[PDB]
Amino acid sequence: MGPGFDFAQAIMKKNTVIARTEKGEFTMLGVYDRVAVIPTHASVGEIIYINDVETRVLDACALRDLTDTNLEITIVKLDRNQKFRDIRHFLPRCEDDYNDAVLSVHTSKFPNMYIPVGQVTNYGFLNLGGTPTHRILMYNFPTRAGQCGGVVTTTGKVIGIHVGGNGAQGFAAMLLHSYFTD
């Protein structure tokens, strides 16, 4: 509808895949080469389904901060025959608050879904499903089962992936440029 949705659509159309694990179907953001991200609660194993293709996982790392606190981001390298468009220059360098964000989802359940979530707070600490978690972004939207892995963007920045909610608010794990240095 506007330039917010334009940037979100551009990311969804080239940098997402449908990832299926034993814990369900997730939106999965491809960042560069064969490297993607997914919420750690997806429980990635040795084999994952990517757009319903059986795919070997070459490496998976559940990220934690230097306090050894969960970040709820898993970085996956896929044995895929094709690279992602490199979007690392759209990742923020530092923890921040944002205005006027979009949460975008693409699964079997929720195809081509875009949500204007409004103001994003640097919330910090969240007890997420009983797991102490850091670097949480918060937005005021009643997100649902099926939106985890959803991409949070502003015009020109990919800032997070959706990892939970409490019925009134939604929560995203920050993406930072420093996670994907090679």
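Residues carry their position along the shown sequence, with the first being 1.
Entry-level comparison of average CA B-factors, 171-179 and 1-9, reporting the higher stretch: For C-alpha atoms only, the mean B-factor is higher in 1-9.
Entry-level comparison of average CA B-factors, 139-147 and 39-47, reporting the higher stretch: Between 39-47 and 139-147, it is 139-147 that shows the higher mean C-alpha B-factor.
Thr27, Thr55, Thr131, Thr153, ranked by C-alpha B-factor: the highest one: Comparing C-alpha B-factors across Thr27, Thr55, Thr131, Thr153, the top value belongs to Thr131.
Highest-ranked of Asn81, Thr74, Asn99, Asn112 once sorted by CA temperature factor in the record: In this record, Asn99 carries the highest C-alpha B-factor of the candidates.
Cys61, C-alpha B-factor rank within chain (lowest, middle or highest third): Middle third, going by the recorded CA B-factors of the chain.
B-factor third for the C-alpha atom of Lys23 within its chain: Highest third.
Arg93 by Cα B-factor - lowest, middle or highest third of the modelled chain: As the PDB entry reports it, the C-alpha B-factor of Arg93 lands in the highest third of its chain.
Assigned third (lowest, middle, highest) for the C-alpha B factor of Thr107: It falls in the middle third of the chain.
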